[PDB]
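First comes the structure, then the notes that go with it.
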Amino acid sequence: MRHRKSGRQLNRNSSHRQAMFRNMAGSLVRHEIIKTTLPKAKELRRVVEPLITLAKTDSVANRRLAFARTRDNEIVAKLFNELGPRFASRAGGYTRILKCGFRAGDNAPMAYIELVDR
Amino acid sequence: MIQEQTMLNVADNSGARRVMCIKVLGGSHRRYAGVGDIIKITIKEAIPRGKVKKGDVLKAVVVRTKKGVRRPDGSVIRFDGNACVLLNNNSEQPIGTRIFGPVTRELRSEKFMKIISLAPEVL
Amino acid sequence: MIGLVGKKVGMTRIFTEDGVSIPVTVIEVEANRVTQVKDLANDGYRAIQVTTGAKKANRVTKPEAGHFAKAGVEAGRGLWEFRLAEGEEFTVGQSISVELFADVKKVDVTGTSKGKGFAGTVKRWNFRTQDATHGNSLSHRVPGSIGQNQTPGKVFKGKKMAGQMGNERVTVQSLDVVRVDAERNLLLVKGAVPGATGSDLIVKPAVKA
Amino acid sequence: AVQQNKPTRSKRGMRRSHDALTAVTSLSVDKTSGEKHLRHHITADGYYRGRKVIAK
Amino acid sequence: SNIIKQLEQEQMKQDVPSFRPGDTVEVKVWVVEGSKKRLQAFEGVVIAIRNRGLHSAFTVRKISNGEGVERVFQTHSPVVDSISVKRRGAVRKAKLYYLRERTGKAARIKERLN
Amino acid sequence: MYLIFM
RNA sequence: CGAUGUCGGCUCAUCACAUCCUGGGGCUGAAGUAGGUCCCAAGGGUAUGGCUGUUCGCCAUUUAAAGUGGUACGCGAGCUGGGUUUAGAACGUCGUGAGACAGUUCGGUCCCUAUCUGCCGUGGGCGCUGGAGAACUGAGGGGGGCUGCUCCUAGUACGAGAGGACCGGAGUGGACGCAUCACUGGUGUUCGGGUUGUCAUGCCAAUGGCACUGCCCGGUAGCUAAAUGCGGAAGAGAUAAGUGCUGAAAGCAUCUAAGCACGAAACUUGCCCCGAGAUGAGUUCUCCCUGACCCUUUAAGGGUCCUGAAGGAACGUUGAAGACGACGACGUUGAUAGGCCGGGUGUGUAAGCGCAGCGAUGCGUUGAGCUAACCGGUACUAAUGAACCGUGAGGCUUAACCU
RNA sequence: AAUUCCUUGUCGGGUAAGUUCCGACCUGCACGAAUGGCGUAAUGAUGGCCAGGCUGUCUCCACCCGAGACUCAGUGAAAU
RNA sequence: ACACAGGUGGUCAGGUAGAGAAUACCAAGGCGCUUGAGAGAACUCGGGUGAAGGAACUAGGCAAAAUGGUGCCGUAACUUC
RNA sequence: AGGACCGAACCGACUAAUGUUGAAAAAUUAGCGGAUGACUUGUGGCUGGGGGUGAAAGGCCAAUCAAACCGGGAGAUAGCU
Ligand SMILES: CC[C@H]1OC(=O)[C@H](C)[C@@H](O[C@H]2C[C@@](C)(OC)[C@@H](O)[C@H](C)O2)[C@H](C)[C@@H](O[C@@H]2O[C@H](C)C[C@H](N(C)C)[C@H]2O)[C@](C)(O)C[C@@H](C)C(=O)[C@H](C)[C@@H](O)[C@]1(C)O
Ligand SMILES: [Mg+2]
Ligand SMILES: [Mg+2]
Ligand SMILES: [Mg+2]
Ligand SMILES: [Mg+2]
Ligand SMILES: [Mg+2]
Ligand SMILES: [Mg+2]
Ligand SMILES: [Mg+2]
Ligand SMILES: [Mg+2]
Ligand SMILES: [Mg+2]
Ligand SMILES: [Mg+2]
Ligand SMILES: [Mg+2]
Ligand SMILES: [Mg+2]
Ligand SMILES: [Mg+2]
Ligand SMILES: [Mg+2]
Ligand SMILES: [Mg+2]
Ligand SMILES: [Mg+2]
Ligand SMILES: [Mg+2]
Ligand SMILES: [Mg+2]
Ligand SMILES: [Mg+2]
Ligand SMILES: [Mg+2]
Ligand SMILES: [Mg+2]
Ligand SMILES: [Mg+2]
Ligand SMILES: [Mg+2]
Ligand SMILES: [Mg+2]
Ligand SMILES: [Mg+2]
Ligand SMILES: [Mg+2]
Ligand SMILES: [Mg+2]
Ligand SMILES: [Mg+2]
Ligand SMILES: [Mg+2]
Ligand SMILES: [Mg+2]
Ligand SMILES: [Mg+2]
Ligand SMILES: [Mg+2]
Ligand SMILES: [Mg+2]
Ligand SMILES: [Mg+2]
Ligand SMILES: [Mg+2]
Ligand SMILES: [Mg+2]
Ligand SMILES: [Mg+2]
Ligand SMILES: [Mg+2]
Ligand SMILES: [Mg+2]
Ligand SMILES: [Mg+2]
Ligand SMILES: [Mg+2]
Ligand SMILES: [Mg+2]
């Protein structure tokens with residue numbers, strides 16, 4: 001039974017999932033569009049969208065909180081100086097998932113995920 | 001939740017210091033004994049000049065449980081250790097003359113009217 | 001007596017002034033509009049058919065919307081039937097309120113259980129597990145033996161085995177009606193009724209003495 | 001455990017009566033490119049629902 | 001849960017005082033000794049508070065007659081007549097379950113003053 | 001050990 | 001004998017009645033209470049430990065009772081491997097000896113991915129005669145059926161006393177079963193905090209990785225029992241053993257031959273669940289389709305053009321539903337999921353700055369900061385315009401009506 | 001008794017209850033003196049019994065984290 | 001027999017903590033083990049936690065749980081000292 | 001000083017689980033014994049089948065041991081299938 005539960009396990013342990021979505025969040029902020037599988041792009045929205053709601057208010061305490069969840073300063077400097085100002089008048093829904101074909105090597109359903117203004 | 005092989009402290013002045021439950025009386029395949037339930041015990045430790053000797057087989061009544069009792073408004077009253085009062089095998093009247101520590105209102109009936117009379121505190 | 005159709009809202013507690021905890025289940029019994037009345041000369045048996053709630057007008061199909069427009073009632077979310085007793089009569093379109101249970105002391109509530117999926121024999125049939133230690137080889141929660149030898153040489157029908165548990169209609173009988181709240185369409189029964197929050201319940205008065 | 005008699009070509013083909021693939025019902029057509037694609041998927045030229053979304 | 005929350009809030013007490021874990025409190029409950037009624041106190045230390053609305057509870061622990069006794073009260077029950085804080089305590093936690101292995105001079109809680 | 005019926 | 005694994009334990013059972021308890025009766029050397037014995041009855045129920053490899057037995061303490069048997073002395077392609085039975089070694093005994101014991105003693109590898117039947121679940125296909133969406137009926141089948149103690153009647157009936165009821169009624173438990181999460185709790189490696197060693201982000205401060213989640217302390221939702229609601233019935237029909245009424249054959253007698261009435265947890269129902277593949281394929285309600293032409297083998301015939309309805313499927317967002325199918329909700333005329341806003345819950349007074357202190361650290365801002373699965377809202381993102389399947393009024397005979 | 005069949009010999013201790021354990025008696029089926037007799041401190045992955053602590057061994061299981069089992073794409077056996 | 005969780009002699013010997021060539025985390029250096037993507041049923045393997053009880057389990061405390069360091073105090077019968 | 005003590009390398013193989021068409025024709029994981037000695041190890045050499053060698057188990061002598069393996073007598077013999 002998994003009644004009323006959230007989060008996908010994605011065939012990893014607890015610390016591999018946290019390290020994968022942290023690298024993958026730094027790849028979507030940096031490039032503004034990446035191509036992943038469809039179950040990973042759906043679980044990415046729960047990671048990368050709270051980072052942009054964090055980055056709408058500028059303070060030193062919030063920058064130290066978005067550094068503890070990204071571990072990169074090239075990403076924190078872009079969230080607060082670029083993505084904060086853009087999404088400052090939008091109430092959620094900063095990403096967009098576009099389904100595409102299947103992967104050649106294992107027939108996985110792939111999908112693009114992009115920040116909503118490009 | 002007292003069951004068989006459970007070692008209980010003793011809450012009267014009969015002389016016994018630790019007794020072990022050897023039977024839960026009052027039903028077939030019966031498992032547990034809450035507060036106010038007769039058990040059949042054996043004496044494991046005793047002071048030298050008490051009324052009972054180590055090795056005797058007696059009856060008892062459970063007066064405190066670590067599992068605790070529940071009140072009709074949902075409240076719970078727990079204790080830090082299981083305790084009991086030694087009864088006579090046949091008359092089922094308490095052997096001792098004093099009760100130590102608090103007891104509960106689950107003993108308030110005609111069967112155990114002499115235990116909540118000697119009790120220092122009833123919760 | 002006929003019953004009503006409701007919805008399990010969830011559990012709460014009712015405090016009485018003598019200090020008692022009563023676990024009640026809240027059932028939102030909206031008005032039950034009668035859709036069709038069955039009789040002996042046309043249907044072989046006497047019953048009424050009620051609907052409750054409301055449905056989206058773009059979701060009702062053409063066969064269903066014609067069945068409601070014959071009665072004049074508005075389209076609810078389902079259709080249930082109730083067998084009439086000797087002396088009860090209802091009319092098409094009449095709405096039945098929760099005041100049917102005003103002086104009823106006990107009710108039977110039937111619903112669809114929670115789904116536990118494919119459950120093994122320890123969860124489903126309360127079997128005993130075997131030893132977790134002492135030499136056991138890959139056989140801790142398995143059923144064990146399922147028959148006898150050459151006689152009969154088969155497993156009997158109705159053998160207790162692992163399979164789908166829950167998600168089935170069960171009836172819980174003789175629940176105390178604690179409080180009927182007619183002005184906001186509530187019914188507080190005493191105890192646990194089957195089903196998850198938001199599921200349909202059928203509340204009939206108690207048939208046992 | 002293992003069989004006691006060889007299963008036929010009849011029983012083998014009956015088992016494969018549910019192994020049959022089904023085809024995609026129909027393909028959607030984009031409204032500015034006219035390309036066929038899967039429904040709710042982007043086309044091979046990066047168009048989706050009248051808009052070019054993947055400029056690659 | 002607009003139905004249920006409206007059912008519970010017409011049963012909640014409007015006069016519950018503010019207390020924290022560590023506070024020494026005195027709870028007065030209604031006792032029925034057959035027919036006659038009474039009020040006995042329960043002076044002890046609040047070691048756990050459960051905040052859930054109508055289903056709010058709190059746990060008191062006192063050493064009575066040499067035997068430690070815990071009691072879990074329902075906050076909005078009409079058995080509990082009055083709650084009264086006797087002393088404010090200073091702890092760094094929300095559940096003082098470590099006070100079950102301590103006794104005597106080790107179970108002393110500092111006073112808060114703020 | 002009771003290895004073969006005997 | 002080109003192999004049908006042995007005793008015992010565990011797990012799961014199923015049947016018989018020669019009945020252990022509960023149920024109904026006759027006789028009693030049956031006053032009452034408690035018994036003895038026999039007849040009917042298989043619905044349900046029918047112990048925990050000490051010793052021993054033990055089944056068995058003895059013992060301790062319960063219980064209403066701790067039934068007797070069959071099922072390859074039920075059950076190793078379900079588990080164990082303790083035992084009287086491989087190879088090592090020793091004692092006692094027998095043998096000159098190799099060795100042997102019917103005696104004891106310490107140690108000693110238990111394989112198999114299920115084709116068929118069977119059973120537990122769950123779907124696809126076709127049928128049910130135009131197609132479709134619902135709601136039913138109920139042939140049939142399954143589940144359930146246990147019982148203690150206290151009080152009243154009543155210290156009455158009975159009895160010299162001691163003692164002590166039948167019938168009827170109320171309350172409260174044990175075991176079992178079904179549901180559930182409001183409460184008490186468990187879990188909660190997806191929430192918060194404390195702390196050890198070390199590496200890193202240039203450094204301080206603040207953080208992150210790793211060491212079983214590093215080790216711990218709490219804890220939301222969900223799941224759950226030890227938690228808390230409910231159940232077993234009453235009633236009816238036909239009976240068993242039994243008890244009779246009227247009554248002859250047999251002027252009487254006689255429960256029986258004609259006739260009539262009682263009679264049990266067994267049977268048929270009543271309670272709950274599945275159920276029209278019930279091919280005997282049922283019933284009711286609603287909805288949809290009202291064009292043209294040609295030919296042969298002229299018949300429930302085949303083809304062309306137009307047409308595509310009700311509804312379904314498919315795809316997407318998903319669910320207290322789920323192995324996959326299936327089932328439920330929703331798809332812009334939209335709260336289906338994610339996000340966001342507000343709250344709640346949990347943790348326990350963040351970071352930065354200021355002050356006190358030689359310093360660890362304390363204090364103020366501050367019940368602060370963070371907060372998963374929760375509650376109430378909000379179209380910001382994703383749920384597309386289509387396309388696909390499904391047709392065009394539905395055979396013959398006979399009857400009754402309208403014509 | 002690593003030896004005793006009768007035998008769970010009988011008495012005492014331990015336990016609520018002990019066919020095993022310890023101490024004895026001698027009726028040694030069928031001990032016995034270098035195929036050594038009786039003791040013996042230390043030692044033993046040695047045999048038997050008891051107690052304290054500890055615990056999912058168990059009453060009686062519940063929840064969680066991972067690797068399979070299930071679904072999809074690729075390759076693709078075996079006993080019989 | 002395999003691109004096989006096995007076997008195979010010698011030499012070198014960094015930092016922090018540590019008695020240490022143990023162990024944890026790192027440097028130089030080398031790798032992520034030649035099928036993947038989902039789902040989050042029974043059951044099996046490997047682990048974490050558990051209310052009350054605490055060997056009642058069993059042939060048997062099998063297996064798990066627990067103990068665990070340095071300094072100082074203190075330590076019985078028996079003894080071949 | 002010690003066939004002394006605790007304990008890594010090294011040597012072993014007491015218990016349990018897994019594996020049993022295995023990753024492996026004897027291993028893996030978690031614990032376990034010895035660990036300056038009757039220790040352990042590399043390279044070469046010697047002992048040959050009714051023979052060797054054996055701190056003795058009928059152990060070992062190339063996955064074979066109450067008499068190795070290869071070739072021959074040889075198409076031994078088979079009242080048995
Ligand atoms: C790893 C897998 C091996 O299996 C085992 O180890 C199991 C556990 C044996 O039991 C073990 C353990 C045990 C107690 O038997 C269970 C013992 O009796 C036997 C000798 O060895 C089996 C089953 C034996 O059968 C039994 O042999 C008996 C002589 C007669 C019996 N009879 C009923 C047909 C029969 O089933 C026997 C001989 O090994 C089967 C033959 C074919 C083999 O030699 C095969 C090749 C085995 O090596 C094996 C299959 O590879
Ligand atoms: Mg995988
Ligand atoms: Mg095995
Ligand atoms: Mg196992
Ligand atoms: Mg047959
Ligand atoms: Mg054969
Ligand atoms: Mg047998
Ligand atoms: Mg078998
Ligand atoms: Mg031998
Ligand atoms: Mg023999
Ligand atoms: Mg096996
Ligand atoms: Mg029936
Ligand atoms: Mg809790
Ligand atoms: Mg935790
Ligand atoms: Mg620092
Ligand atoms: Mg690192
Ligand atoms: Mg880690
Ligand atoms: Mg014992
Ligand atoms: Mg002796
Ligand atoms: Mg001798
Ligand atoms: Mg001799
Ligand atoms: Mg001599
Ligand atoms: Mg001699
Ligand atoms: Mg495949
Ligand atoms: Mg490889
Ligand atoms: Mg290798
Ligand atoms: Mg080496
Ligand atoms: Mg190392
Ligand atoms: Mg799992
Ligand atoms: Mg526990
Ligand atoms: Mg505990
Ligand atoms: Mg035992
Ligand atoms: Mg036992
Ligand atoms: Mg062990
Ligand atoms: Mg040494
Ligand atoms: Mg060796
Ligand atoms: Mg090892
Ligand atoms: Mg050593
Ligand atoms: Mg030999
Ligand atoms: Mg060899
Ligand atoms: Mg020879
Ligand atoms: Mg010759
Ligand atoms: Mg020949």
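Numbering starts fresh at 1 for the residues of each chain in the structure tokens, the chains themselves are lettered A, B, ... in the order given, and ligands are numbered from 1 as they appear.
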
Check chain E with DSSP on the backbone and list each residue it calls strand (DSSP E), as a ChimeraX atom specification. /E:24-33,36-50,57-64,67-74,80-87

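Around ligand 36, using only C-alpha atoms (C1' of nucleotides) and all ligand atoms and a cut-off of 12 Å, the residues in contact are residues 11, 12, 13, 57 and 59 of chain J.
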
Near-residue 17 of chain H list (12 Å; only C-alpha atoms (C1' of nucleotides); drop same-chain fewer than 4 positions) as a PDB file with C-alpha atoms (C1' of nucleotides), in the first residue's frame:
```pdb
ATOM      1  CA  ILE B  22       2.288 -17.934  36.193  1.00  0.00           C
ATOM      2  CA  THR B  42       4.707 -17.460  42.560  1.00  0.00           C
ATOM      3  CA  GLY B  55       8.294 -20.391  46.553  1.00  0.00           C
ATOM      4  CA  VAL B  57       1.878 -20.122  45.016  1.00  0.00           C
TER       5      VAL B  57
ATOM      6  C1'   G G  49       4.110 -24.557  30.725  1.00  0.00           C
ATOM      7  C1'   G G  50       8.432 -28.202  33.569  1.00  0.00           C
ATOM      8  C1'   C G  51      11.109 -32.953  31.999  1.00  0.00           C
ATOM      9  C1'   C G  58       3.825 -37.843  34.895  1.00  0.00           C
ATOM     10  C1'   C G  59       3.635 -33.138  37.178  1.00  0.00           C
ATOM     11  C1'   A G  60       2.186 -27.494  38.033  1.00  0.00           C
ATOM     12  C1'   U G  61      -1.856 -24.129  37.005  1.00  0.00           C
TER      13        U G  61
END
```

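As for atom CA of residue 69 of chain E and atom CA of residue 107 of chain B, they are spaced 17.2 Å apart.
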
I'd like the neighbourhood of residue 155 of chain C as an NGL selection string, where a residue qualifies if any of its atoms comes within 7 Å (using only C-alpha atoms (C1' of nucleotides)), though same-chain residues fewer than 2 positions away should be ignored. (:C and (146-147 or 157)) or (:G and (118-119))

Please dump the current selection as a PDB file, in the first residue's frame; keep N, CA and C atoms (P, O5', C5', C4', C3', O3' and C1' of nucleotides).
```pdb
ATOM      1  N   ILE C 146      -1.037 -26.960   1.943  1.00  0.00           N
ATOM      2  CA  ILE C 146      -2.328 -26.560   1.391  1.00  0.00           C
ATOM      3  C   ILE C 146      -3.226 -27.767   1.151  1.00  0.00           C
ATOM      4  N   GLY C 147      -2.816 -28.946   1.598  1.00  0.00           N
ATOM      5  CA  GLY C 147      -3.676 -30.099   1.431  1.00  0.00           C
ATOM      6  C   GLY C 147      -3.150 -31.309   2.168  1.00  0.00           C
ATOM      7  N   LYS C 157     -12.154 -26.429  -2.647  1.00  0.00           N
ATOM      8  CA  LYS C 157     -12.686 -25.123  -2.996  1.00  0.00           C
ATOM      9  C   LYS C 157     -12.907 -24.296  -1.743  1.00  0.00           C
TER      10      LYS C 157
ATOM     11  P     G G 118      -9.098 -28.474 -13.096  1.00  0.00           P
ATOM     12  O5'   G G 118      -8.604 -28.458 -11.587  1.00  0.00           O
ATOM     13  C5'   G G 118      -9.128 -29.373 -10.641  1.00  0.00           C
ATOM     14  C4'   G G 118      -8.528 -29.161  -9.275  1.00  0.00           C
ATOM     15  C3'   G G 118      -8.733 -27.793  -8.667  1.00  0.00           C
ATOM     16  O3'   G G 118     -10.028 -27.623  -8.128  1.00  0.00           O
ATOM     17  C1'   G G 118      -6.495 -28.451  -8.368  1.00  0.00           C
ATOM     18  P     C G 119     -10.846 -26.278  -8.415  1.00  0.00           P
ATOM     19  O5'   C G 119     -10.243 -25.253  -7.373  1.00  0.00           O
ATOM     20  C5'   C G 119     -10.214 -25.581  -5.999  1.00  0.00           C
ATOM     21  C4'   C G 119      -9.212 -24.750  -5.250  1.00  0.00           C
ATOM     22  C3'   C G 119      -9.325 -23.251  -5.416  1.00  0.00           C
ATOM     23  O3'   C G 119     -10.359 -22.675  -4.644  1.00  0.00           O
ATOM     24  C1'   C G 119      -7.071 -23.894  -5.602  1.00  0.00           C
TER      25        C G 119
END
```
